[PDB]
Structures are given as C-alpha cells and as structure tokens.
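S.K.: show me the folded form of this:
(chains A, B, C and D, ligands or ions: 1)
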Amino acid sequence: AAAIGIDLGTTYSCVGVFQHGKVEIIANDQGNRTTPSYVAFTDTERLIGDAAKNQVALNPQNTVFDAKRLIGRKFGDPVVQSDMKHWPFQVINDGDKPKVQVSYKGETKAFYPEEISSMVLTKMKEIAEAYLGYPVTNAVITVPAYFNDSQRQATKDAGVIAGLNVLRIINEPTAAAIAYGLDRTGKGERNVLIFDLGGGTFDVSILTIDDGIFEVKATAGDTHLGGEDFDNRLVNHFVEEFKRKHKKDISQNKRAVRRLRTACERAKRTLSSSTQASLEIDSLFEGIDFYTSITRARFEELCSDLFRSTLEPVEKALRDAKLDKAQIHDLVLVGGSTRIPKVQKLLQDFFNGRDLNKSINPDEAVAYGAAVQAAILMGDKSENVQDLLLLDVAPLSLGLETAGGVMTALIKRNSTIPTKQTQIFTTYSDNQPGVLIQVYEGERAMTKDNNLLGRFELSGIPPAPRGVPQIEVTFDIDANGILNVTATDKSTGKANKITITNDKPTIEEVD
Amino acid sequence: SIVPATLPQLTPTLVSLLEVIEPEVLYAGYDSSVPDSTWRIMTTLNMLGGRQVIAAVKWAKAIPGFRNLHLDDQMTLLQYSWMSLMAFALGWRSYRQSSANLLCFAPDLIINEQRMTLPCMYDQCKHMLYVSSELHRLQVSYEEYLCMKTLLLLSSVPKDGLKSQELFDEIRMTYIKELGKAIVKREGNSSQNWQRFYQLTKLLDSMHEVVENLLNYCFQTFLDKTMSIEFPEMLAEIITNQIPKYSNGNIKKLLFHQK
Amino acid sequence: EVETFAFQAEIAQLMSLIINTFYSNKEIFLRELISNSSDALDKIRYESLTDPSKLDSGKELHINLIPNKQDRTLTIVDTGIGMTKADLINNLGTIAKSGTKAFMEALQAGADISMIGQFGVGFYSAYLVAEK
Amino acid sequence: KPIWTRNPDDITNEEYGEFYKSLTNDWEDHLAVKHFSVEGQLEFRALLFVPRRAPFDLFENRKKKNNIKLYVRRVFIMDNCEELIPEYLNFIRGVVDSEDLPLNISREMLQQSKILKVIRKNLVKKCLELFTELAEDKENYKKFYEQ
Ligand SMILES: Nc1ncnc2c1ncn2[C@@H]1O[C@H](COP(=O)(O)OP(=O)(O)O)[C@@H](O)[C@H]1O
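M.R.: Residues are numbered from 1 along each chain as shown, chains lettered A, B, ... in the order given. The protein structure is shown below:
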C-alpha cells in the first residue's frame, strides 16, 4: 500500500497512488476519479464531493467551496474581498483570518477555509483508502506555483487536520511534468510549457528540467479564467433564450439558473468529444420544460474571446522566461477545460502545429505527479535502482576485438548493471579513415574463443599515424543486460554503434 | 577502416606519483625601508615614518582579525598609532645596537651624538630616546618587545570610539594577555613576573607622553611653513586628519595600567 | 508534598553523558529549548483548528526569553500546550527509552550531541550548562 | 523570514545589500546576487553573492570553506561548507538551504551523497549564469573581472 498524492483545486480535486511503475487514479463513491472541492453543510451532516455539488442549488447558502482562494489569506486581503462578494455563504473577519459561516446541524458556526479543505482532503483520503484497501497517511498535496508561504503552510495544515502526514507541498506544474515523465532523466536541458486551464483559474508556467532537477522560469495567468466562465457564457445563451422563448425571467431564480448551469456543464463536456450537445430540463422554471441545444461552433462563438485570451498569459510567460516559441520543447496540458478542441487548436497552432502532451487526462495529471512524488518521498525507492544493480550483473566480461585478435574488456564480469564504461583506442595501423569494432562476450583472451555479439564500423576518423586518433569506445549496458556498444572519435564528434540482444637450497649449505 | 588497438603502448599511470607530488619551497621577507639622512632626519623622519606606517599597515593586516575591521578604523588606528610604532621600533634597534644611547632609524642607520643633540633632531628625538632607554633599563626580550609593538598598534583611538570597535577591543586584549605570557615564561618566580609585566606596561602607557610631544613637532612643522619640513603623501594625509583631533583632546590615550 | 521519581535508565545515562562528556557546542542548549517550545505551540495551534477552545486560556502563541543574571537564571516561556502532572512524570512527555537508546547507539557510533533533538530527547541537553 | 525563503521578485536590492553586509561582515555592498530555487527531485533555495571586492586574504589566509552557510529545512548545520562549490569559486559568499538533505550530517555522509554532488553541480552552473549576466553590460563586467 503506497503513498498518495492529492490534487486540491478550487472546483475539483483528484487522488492517485503510485505503485508498480504507474499511478492508479482512484474513483470516488460514484466512479468519478475527479470530484468537486465542495462541502455541503446541512442540518443532518456535511456532504463532500459530488454529493455537495449536486445540491448547491438547494443549499448554496450553506455550501462552501473554492476554499483555496481564502486559504492562507488575511481577511482584509483584496482577494478575499473580491471573492466574498461572489459567495452565497458569509465570510467573517475573525482575527483577520476569514471564516465561513454556514449552518451545520442547526448552528451557524464559522469554519476556517483550512478545515474546509481538510474536509475535502479527508474525503479524498477515504476514497484512496477504500480503493487500496489500506489506511493512508503518507501524502503529497499540490498547490499553485504562485502560492506564498502562508498558503503552503495552510495547505499542510489542512492535511494534518485530515490526518495526513504531509510529506510535501509541491507545485501543480511540477506535478504535471512528473506525470508526463519529463523528470525520468535523459530529457534534461528542456523547456516545458504548462498550460493550466481549470475551473476558476488559468495559469501558465515555464519549467526547465535538467535530468530530474527542476527550475521554474516564469509564471503568468488569469485568476478568473477557467471552465466556470465558459459555463457562464453557455448559461447566458440558455438563460436569455429561455426568457425570450417563454417570456419568463429565469435569470432571477437562482435554482433554475443553477439547474441550467449544471446542464451547461454536462453539455459542454459532451460537446468536447462531440460536435453537438443538448439541454433537456423538466419543469426548469415556473413549471416550464426547457428543451434546447448548443452546437460546438456556437459554443466556440460564445466563448471565442475566452479561448483566445488564454494565449495572452502564454505570451507573457514566454516574455518573462525570455523565450521564443522555438525554445519550448514540451507542450503540456493541465486542466479539464483544455479538453475543449478550441483550446488544443489554439495552443497547438500558436506553437506551430507541435503536438500537445495529452497522454494523461488533464485533470488527473497533477494528482498523478503528486502520487509519484509521494511514493519517492515516503522512502526513496521507485522501481529502482539498487535492486537492479545488485540483482543484475554482467555474467561474463564484455569487450571488443582489437588488433592481434584479442579481447579488451570494458565491463568486468559480475559488475553491476546498468553501467557505462569506457576506454581509449586508436586505429591500429597508420592513416586509416575509420575502425572496425567487434563486440564480444566471455572470459577468453582470444576473440576466436569468445561469443561474438555483433560488429560495427566507426567512420569519421582523420587519418593519422597509428596511435594518434583518439577513439572512445563505450560499453553501455542496461539493467536487463542489453548492451549498446558505441564508439566516437573525439577529434571530429562522429560516432556509430551495435545493439546486442539479451540472453535472459644454497642458504642451507657451506663453502 | 581497421580493427582498433590500444595504441600507443605508452599510456602512463602516474596517478600514485601525482598524489605524492605536493611540496614546494616557501620564503620569508617581503619588503624593506631606510632613511637617507642624519641631522636632516628632521624631514627624512617623515619620509621614513611614511614607509614605516605603510609597513605597519601591512603588518597590522597580517595580524588575524585586523583586516575584518572597518577600513576607516584600520586607517584611523595607523593614523594615530604610527608615531608610537616608530619610536618603539627605534627603541628596539637602539637597545640592541647602541645600548639605547642612539636612535636606530633602520638596521642600516644609526644617528650618532654629533647629530643626535642638535635641536632639529633632539627636540623630537629625545622622546624617542626615552623609549630606547626604557627597553634597555627594562631588559626586554624580543618576544616581549613584539607583544608591546603589537599593543601600541591599537592604543590611540577617537574619543567617540571606532565604527567596528568591538573587534578592535578583542584584538587589543588578546595582545595584552600575550605580553603577560612572554614575561611569565622568561623571568621565573612570581614577584618578577608582575614587576616585569607592569614595568613593561608602564612603557606602553608612557609611550603616549612620547607621542604627545613627537606629534606636536610634526603638527607644528606640517602647518608652519617657516620650519621647511617636507612630508610624504602617507603622513601628510595622516597629519592633516590627526591635527584637529589630537591637539584638541578628541583622541583617547588607551592605557594598560594605572599610576 | 513533593513526589520523587527515578529517571528511566536510558535517560539517567543520557544526562550523565551530557554533563560529563566534554561537548564544546554548548549553544545547542538554547537552540533545543526554543525548538521544543515551538513544537508545543504547534500542538495547540493544530488542535485549535478543530477545537478552538484550546486557545480560550490565552490566544497568544509565542516564546519568551528572560535572563536574570543576579539569580544565574534564564526563563524560557512556552505558551504552547504544556504538560499535565502525568506527562512531567512520564519523561516530560517523550518516548525516552526508544529515542535515547537509539541516540546512545548513535553516540557510540560517533554522533555529536547536536543530534540529540533528532531522537526526540532534545530537552535533556538543558544540562549542558544547567546546574539545575 | 529568512531572506532566501522570500520571493526574489519582491526582495529589493537594498534588502539583499544589507543582508549581504551582515552575512559577510563587509561594509561594502555586493557586486551581484543570484537568488534562485530548485524543485523536482531535489529541493533547495540559495543566495550566491559576488562581493564588490577580492581583499587579498582570499588567496592566502581566509578560511574560505566558511564562505557559504548550509541550512537543511531551515536548520543551521554549519559555516564550513566544504565542497558546496569548487575552489575556484570560493569568493562567493552565501546561503544554501536544502530541504531534502538529511540532518545526520558528517563529512562522510555529505561527501558520498548524491545530494551534495547535485548541489555542487547546480550551484556552479548558476554561478556561471550570473557571470554571464555580468558579462553583458561590460561596464560593470570589467569591475568584476579586474578582481
Ligand atoms: N471535456 C471537457 N470540456 C470542457 N470542460 C471540462 C471538460 N472536462 C472537465 N472540464 C472542466 O474542468 C474543470 C476541472 O478543473 P481542475 O483543473 O480539475 O480543477 P481546478 O481548476 O480546481 O484545479 C471543471 O470546471 C470542469 O467543468
């Protein structure tokens, strides 16, 4: 039972566990891997996840969600003031630490945002535990890259309230890069652009990865751009339509609008795989059955500026990172809203047709990375490296035929693998343009008595007297015994290779 | 293209020898200075004092922790202490070369009696002779002498203190403890340790009486053109900065013993 | 009435080592006591997140240092959770035997006294300079 | 808050300057500072300062190993942070705070650890980037170069 990582968002969250080289992303009670960052305080119990989201229209005044905007902030913080004007619940200046007042079991208790998010984390904890069949406290929680230190501590504390051992707080874009394997090494010295288009926010972050070591070069964003306003444009389409079609002003009924919005969310998600989606609500407003539709093209028109504006922070991030388009090697998507074809088309066209990394569901990639990181942090073994080195060795020395018909070993018998070993060779005779390397396995001095594994030619060698050209021959062996023998001439940079397949007295006298 | 080979068969492994190679020969002795005159030391003492205070700066910096003092204070201390360091330096050489009867401006220059008693010499030099006489009467060892020269270095400060004074104070107290040790391990017995210590310390304290008069000569000849006295750039800067503070009582004399 | 208790052997030995072993880094004295006060302050702060009443006795969570040279004393005040009679008796609230034993083994292996807090027995370092 | 745990964009040059003076016991200001952070497989933050001066002792008397302070998860470990940077760079004064280093510190643990190997590798490339930034605006590069 491995450590887990939790993707703690403003509108949604997701938990995964890392094991057997992969992260298993875990479904909630209804089969949903990603569930809402909502807690509904009712007079009987607090519902968490889909259960809270499903009743926002009925109990919005007591349902608390998007705790993150308030977490780690002071009551007087302009952000706090900006968001409290948008909530159905009351935000309270309890010592400049904004609390939310909702009725729980009949009492108008003020709940601090860290406990609201711990309620969410506790639910995510329970989801992963039910799946894994084991209680789990070892965890990584992700946060936006822009979070400051009061916010990071606040996130750790929400974890502690929930009973978690917070191994670490890591950034959302780091986790995505991890999820896509950009930290597996051999992919170093690359720039990664992460496009984080979520529910209530949009962020862009440019990372540089050097063989597993990360640096963040730049960030940019729009703190109010995300799926929620794509939903609001779809809502205005349907709300104004309803009113005009029926001469009934639905916009004034918070529940009817929320039912319409829920349909907007469903239709929009459907629309992203489709070309068309519909709205079908019985008795939506004043007993009126509202049946209508949205096409993909209409959706894009409604939201045409919301989509185009996502590239403005892209240009900003590139400016801050001092990078041109050509300097981004890896294009990465984060957030369910990037599943809309228009987003993919805009980012991909912006970067001249280059393919986006869509290999992991955008809403799972962050949790995925957190889970991988949680597993290494709980104890630093992650399908490597010491077992590979101690269990698998080169069973026979590995080397090459050299002049004289003899074998020169570069990898010694029973040496641990994976490993890379080298030696310097020159052409045997004078003024040759290249060399012939015969790769062998075995313990005999002569090559005629060894196992020929394969042969290759190293070209690009300036002719010079014997012993002058400097050729480095490398025996590069992986964990499974596969051998790659390469060679290069250090004076020209030219190289070639062969792939070898796997087997698996006087002093006592006087005068 | 030809089969490769481990050529030339001349690839050395000198690694164990490279580990062995470490030593080099290092040398002592870094600079040198002398006066070029005798009765005219009335002006050449300043050229010498310039070179000696500069040497005193190099010397002072060589003492661990001195370079960590604020530069403004490092220079303030040589600006005020150069005079006692000079008289004391003459003192040691005089003590050993002329039985403290003559001042020894450099290892290669001793000014004899026929010049020593001339007013252009003696009005300043009689105070420097006091110092030589005391090292001789006191029978000061070279270790004890160096401890005292080192103490004089930090002995004259502004009445308002030093910018980085706390480090100066730690250094100066380390030095007085060193003088005590130099004496205790040489005289033997107990009564002779305190008598040699306090008698040598009294010279360090009386060096300020020597400095008051030696500086007044320099201050007077620096400002009064009637005297026809030339100064090097080093002392000229020190003296213009030192006169308005020393003659007005704005500089504190630090003593290591009471009367 | 004053109750007298024995120290558990692992810590009776630890305190002997602290006093008699010639450790030069006496400054860890203050470092460890301040650090331990921080832990106590967090214990309340975390409980106050689900049970705010823990702060009803005093909302301020802080560390005070108050020397009084005339009595050869220093007071360190931890406004954190504190200890009940039972915790004071039970090794000032820690797992003294497992922590200290592992630490003594670490010391036998060459560990410095500065590592005492890494075993959760950091407060015994008070005796580096304390008589009492 | 520790200056190195603060956000480099918010910290002013005056703040870095006074910090530096206190860090180094240098009344003169810093020439340049590189403030950066690293995440992923190894988390740390660091401040590397190039002093305005190279005042002699650096080549003879200074215990240069004490130029950079080491912290682990903000816990001070030591001043003599031998092998954080190669000798040629021992003129840089600074602070390195490594979140992922163990506190069970001895020279042997550090020397044989891949963490120290990585910290040194990365502190060095960052130093070189700072020098490159100084190379631009040659009017100031030469001030550096001269010493
Ligand atoms: N196929 C889709 N098309 C359009 N929007 C989607 C799709 N799938 C998910 N979404 C939206 O993505 C959002 C999920 O955001 P996520 O990145 O998980 O959370 P957060 O923004 O809180 O970090 C929701 O607002 C949801 O409606």
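
S.K.: ok, which stretches of chain C are helices?
M.R.: Using DSSP state H, the helices of chain C run over C:9-20, C:28-47, C:85-89, C:96-108.

S.K.: I meant to write chain A there.
M.R.: A:50-53, A:78-84, A:113-132, A:149-161, A:172-179, A:227-246, A:254-271, A:296-302, A:304-308, A:312-321, A:341-350, A:365-377, A:386-391.

S.K.: need those in a markdown table (columns: mean neighbour count and distance to residue A:98).
M.R.: Bear in mind the C-beta positions are built from the backbone N, C-alpha and C, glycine included. Output for the helices of chain A, formatted as a markdown table (neighbours: other C-beta atoms under 10 Å in any protein chain shown; distance: least, C-beta to C-beta, whole Å):
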| stretch | mean neighbour count | distance to residue A:98 |
| --- | --- | --- |
| helix A:50-53 | 21 | 20 |
| helix A:78-84 | 15 | 5 |
| helix A:113-132 | 23 | 7 |
| helix A:149-161 | 20 | 12 |
| helix A:172-179 | 28 | 23 |
| helix A:227-246 | 19 | 21 |
| helix A:254-271 | 19 | 23 |
| helix A:296-302 | 16 | 34 |
| helix A:304-308 | 15 | 29 |
| helix A:312-321 | 18 | 27 |
| helix A:341-350 | 18 | 33 |
| helix A:365-377 | 28 | 26 |
| helix A:386-391 | 12 | 48 |
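
S.K.: go through the ones you listed and name the closest to residue D:71.
M.R.: Minimum separation from residue D:71 across these (C-beta to C-beta) falls at helix A:149-161, 15.4 Å.

S.K.: packing partners for the closest one?
M.R.: helix A:113-132, strand A:138-143, strand A:165-171, helix C:28-47 (3 or more C-beta pairs under 8 Å, 6 or more residues apart in numbering or on different chains; DSSP states H and E).

S.K.: if you set the cut-off to 7 Å instead, what comes out?
M.R.: helix A:113-132, strand A:138-143, strand A:165-171 (3 or more C-beta pairs under 7 Å, 6 or more residues apart in numbering or on different chains; DSSP states H and E).

S.K.: of the ones you listed, which is nearest chain B?
M.R.: strand A:165-171 (40.6 Å; C-beta to the nearest C-beta).

S.K.: could you dump the closest one to CSV, C-alpha only?
M.R.: This file holds the C-alpha atoms of strand A:165-171, laid out as CSV (Å, rounded to 0.1, in the frame of the first residue of the first chain):
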residue,chain,number,x,y,z
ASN,A,165,1.4,13.1,7.0
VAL,A,166,2.2,15.8,4.6
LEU,A,167,5.4,14.6,3.0
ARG,A,168,5.4,17.7,0.8
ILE,A,169,3.7,20.5,-0.8
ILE,A,170,4.6,20.7,-4.4
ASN,A,171,3.6,22.9,-7.3
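
S.K.: other SSEs contacting that strand?
M.R.: Here strand A:165-171 touches strand A:138-143, helix A:149-161, helix A:365-377, going by 3+ C-beta pairs under 7 Å, 6+ apart.

S.K.: of all the ones you listed, which lies closest to the ligand?
M.R.: Of all those, helix A:365-377 sits nearest to the ligand, with 7.3 Å by C-beta to the nearest ligand atom.

S.K.: and the helices of chain C: which comes nearest residue A:57?
M.R.: helix C:28-47 (35.1 Å).

S.K.: how about the closest one against chain A, any contact?
M.R.: Yes. Counting by C-beta under 7 Å from any C-beta of the partner chain, chain A is contacted by helix C:28-47 at residue C:46.

S.K.: that helix - contacts with which helices or strands?
M.R.: strand C:73-78.

S.K.: give the contact list for the residue of chain C found nearest the ligand.
M.R.: At 22.5 Å from the ligand, residue C:49 is the closest residue in chain C, using C-beta to the nearest ligand atom. Residues in contact with residue C:49, defined by C-beta atoms under 7 Å, 6 or more residues apart in numbering or on different chains, are A:112, A:114-115, A:157, A:161.

S.K.: between the residues you listed, which is nearest chain D?
M.R.: So of the contacts of residue C:49, ranked by how close each gets to chain D (C-beta to the nearest C-beta), first place is residue A:157, at 16.9 Å.

S.K.: surely the closest one and residue A:115 touch.
M.R.: No. Using C-beta atoms under 7 Å as the test, residue A:157 is too far from residue A:115 to be in contact (9.2 Å).

S.K.: nearest to chain A: which residue in chain D?
M.R.: residue D:40 (3.2 Å).

S.K.: what about that residue, neighbour count?
M.R.: 22 (other C-beta atoms under 10 Å in any protein chain shown).

S.K.: kindly state the beta-bridge partners for it.
M.R.: residue A:213 (DSSP bridges).

S.K.: right, is stretch A:43-52 up against the ligand?
M.R.: No. Using C-beta under 6 Å from any ligand atom, stretch A:43-52 stays clear of the ligand, coming no nearer than 12.6 Å.

S.K.: for that stretch, buried residues please.
M.R.: Residues of stretch A:43-52 classed as buried: A:46-52 (neighbour count, 16 or more other C-beta atoms under 10 Å in any protein chain shown).

S.K.: and the contacts of stretch A:45-60?
M.R.: A:28, A:30, A:32, A:35-36, A:38-40, A:42, A:63, A:88, A:104, A:119-120, A:123, A:254-255, A:258-259.

S.K.: quick one: contacts for the residue of the stretch 51-200 of chain B found nearest chain D?
M.R.: Of all residues in the stretch 51-200 of chain B, residue B:70 sits closest to chain D, at 5.4 Å by C-beta to the nearest C-beta. With contacts defined as C-beta under 7 Å, 6+ apart, residue B:70 is in contact with B:163-164, D:27.

S.K.: mind redoing it with 8 Å?
M.R.: Residue B:70 makes contacts with B:162-164, D:27, as judged by C-beta atoms under 8 Å, 6 or more residues apart in numbering or on different chains.

S.K.: contacting residues around the longest helix belonging to chain D?
M.R.: Ranked by residue count, the top helix of chain D under DSSP H comes out as helix D:114-135. Under the criterion C-beta under 8 Å, 6+ apart, residues A:210, A:213, D:31-34, D:36, D:38, D:42, D:44, D:46, D:48, D:50, D:83-86, D:89, D:92, D:96, D:98, D:100-101, D:110, D:140-141, D:144 lie in contact with helix D:114-135.

S.K.: which strand residues bridge residue A:7?
M.R.: residue A:14, residue A:142.

S.K.: relative to chain B, how far out is it?
M.R.: 52 Å (C-beta to the nearest C-beta, to the nearest Å).

S.K.: so that residue makes contact with residue A:367?
M.R.: Yes. The pair residue A:7 and residue A:367 passes the contact test of C-beta atoms under 8 Å, sitting 3.7 Å apart.

S.K.: any shared contact partners between those two?
M.R.: A:13-15, A:142, A:175.

S.K.: quick check, nearest of those to chain C?
M.R.: residue A:13 (19.4 Å).

S.K.: ok, now which ones touch that closest one?
M.R.: So residue A:13 contacts A:6-7, A:34-37, A:120-121, A:124, A:367 (C-beta under 8 Å, 6+ apart).

S.K.: now tabulate these in CSV and tack on distance to residue B:187.
M.R.: Shown next, in CSV, are these (distance: C-beta to C-beta, whole Å):
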residue, distance to residue B:187
A:6, 79
A:7, 81
A:34, 89
A:35, 89
A:36, 90
A:37, 85
A:120, 83
A:121, 78
A:124, 82
A:367, 82
